[PDB]
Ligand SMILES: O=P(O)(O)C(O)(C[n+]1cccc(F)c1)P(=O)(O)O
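Encoded as C-alpha cells, the following chain is the form solved without the ligand, with no partner shown.
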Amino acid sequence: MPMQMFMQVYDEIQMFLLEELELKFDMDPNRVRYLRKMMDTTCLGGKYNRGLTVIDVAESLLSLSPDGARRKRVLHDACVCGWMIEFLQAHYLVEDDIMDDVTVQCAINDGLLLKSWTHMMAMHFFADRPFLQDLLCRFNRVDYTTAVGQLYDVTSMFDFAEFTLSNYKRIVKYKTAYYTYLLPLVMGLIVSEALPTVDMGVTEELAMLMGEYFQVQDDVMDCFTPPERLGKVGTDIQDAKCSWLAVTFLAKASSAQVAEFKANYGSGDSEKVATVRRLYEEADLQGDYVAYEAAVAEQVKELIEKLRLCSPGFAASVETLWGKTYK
C-alpha cells in the first residue's frame, strides 16, 4: 500500500505541474511531453527510501497517535513531502551527472526545473496549511546545507590535512545526513503536526549517526563491492575522496604505509588503485569497519530507546529506517 499510494500522488503532482506549464506558462504539448519523460526518468527508478520514510513517519503517527475523517489528508501531505525530497534528490543527481551542446544545456535546465518543482508543488498542495512557511524554510536551509556539504566534499583535497574523522563527519553531516536522514523524519512530523512532541536533539543526533553509518557502509561498498553487485563502478580511490576507509587507514597505518598510501591515492591507474585496496585489506580495515559500525549501531539502538520513552510511534519509524540502513 505505501508504494501504490506514493505512485498515485506522483501522478497527481505530475499532472498539476504539467497542466500549470500548459495553462499559465504558455507551454507547447511537445515540451510538456519532454518534461513528463524527463520527470519520469529523473524521479522514478530508485527505491524511494527518502520519500517512503515520510509516509512511514506519518503512518506511525496515525496508528500510534499522540484520528478520524482527516487520515487521508495526513497521508496525502506525507506523499507530497516525500516527492519534494525525491525531486530534490533527483535535482542533486542531475547536478552530479553534469559534474562527471544541447545535452549539457538540457541537464543544467533539468537541474533548475527539478528544484523549482519542489517549490511549485509545496506552494499549491499546502497553499492554506499553517505549516507551509516552516516547511519551506526548513527545506531551503537543508538544501543550502547540502550545497555547503558538497563544497567540503569536492575540495577535501587542496591535501591530506583534512583527512580526519571530525572533517569526515562534517562532510557526512552537511552533504548527506541533513537531507537523507533529518529532512524525511522532520517532514513526516510537520504533516502529522507532531513536531514539538519529539526531542529534536536525539533525532538530529540519530540522523547524523545513521547518516554516518550509511556513508561509512557506502564508502566501504564503493571500494570492496564488485561493479555487477554494486550497480556501478567504484571511483572513491581514483577521485581521492575523503572516505571513511582513507581517514581510518591514516590513523592506524605505519609511517611507510602512509607514505605508500600518499604516493598511490587519487589516481585512475589500475595498479595504484589495487595498491590502495591491498593497503586497506592489510591494515584490517574491513575488520575495523565491523567494529566502527557495531559501535555506531550500539549508539543508534541507545538513542532510539531515549526517543521511545517520550515519542513511541516516532521511535518505531526511526527503527524501520535503521533496519533498512543496517541491512
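In case it trips you up, residue 1 is the first one in the sequence shown, and so on. Basically, rigid core = biggest C-alpha set you can superpose within 1.5 Å across the two forms.
As for the form deposited with the ligand bound, it is not shown, yet the points below apply to it.
Asks: Is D100 close enough to touch the ligand in the bound PDB entry, meaning at least one heavy atom pair within 4.5 Å?
Replies: Answer yes; at least one heavy atom of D100 falls within 4.5 Å of the ligand in the bound PDB entry.
Asks: Is there a heavy atom of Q238 no more than 4.5 Å from a heavy atom of the ligand in the bound PDB entry?
Replies: Contact with the ligand, no.
Asks: Although the ligand is absent from this view, report whether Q150 comes within 4.5 Å of it in the bound PDB entry, heavy atoms only.
Replies: Output for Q150 is yes: heavy atoms within 4.5 Å of the ligand.
Asks: Taking the shortest heavy atom distance, is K232 within 4.5 Å of the ligand in the bound PDB entry?
Replies: Contact with the ligand, yes.
Asks: Work out which of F160, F125, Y179, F249 lies within 4.5 Å of the ligand in the bound PDB entry, going by heavy atoms.
Replies: For this set of options, the contacting one is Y179.
Asks: Between the options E193, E205, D199, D218, which residue brings a heavy atom to within 4.5 Å of the ligand in the bound PDB entry?
Replies: Answer to the contact question: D218.
Asks: I need the one stretch from 125-133, 69-77, 85-93, 249-257 whose residues put non-hydrogen atoms within 4.5 angstroms of the ligand in the bound PDB entry.
Replies: Selected range: 85-93.
Asks: Verify the C-alpha shift of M27 between the shown form and the other one: is it 2 Å or more after superposing the core?
Replies: Yes, the C-alpha position differs by at least 2 Å between the shown form and the other one.
Asks: If we fit on the core, is the Cα of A316 displaced 2 Å or more between the shown form and the other one?
Replies: The answer is no; the displacement is under 2 Å.
Asks: For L303, does the CA position differ by 2 Å or more between the shown form and the other one when the superposition is done on the rigid core?
Replies: No, the C-alpha position differs by under 2 Å between the shown form and the other one.
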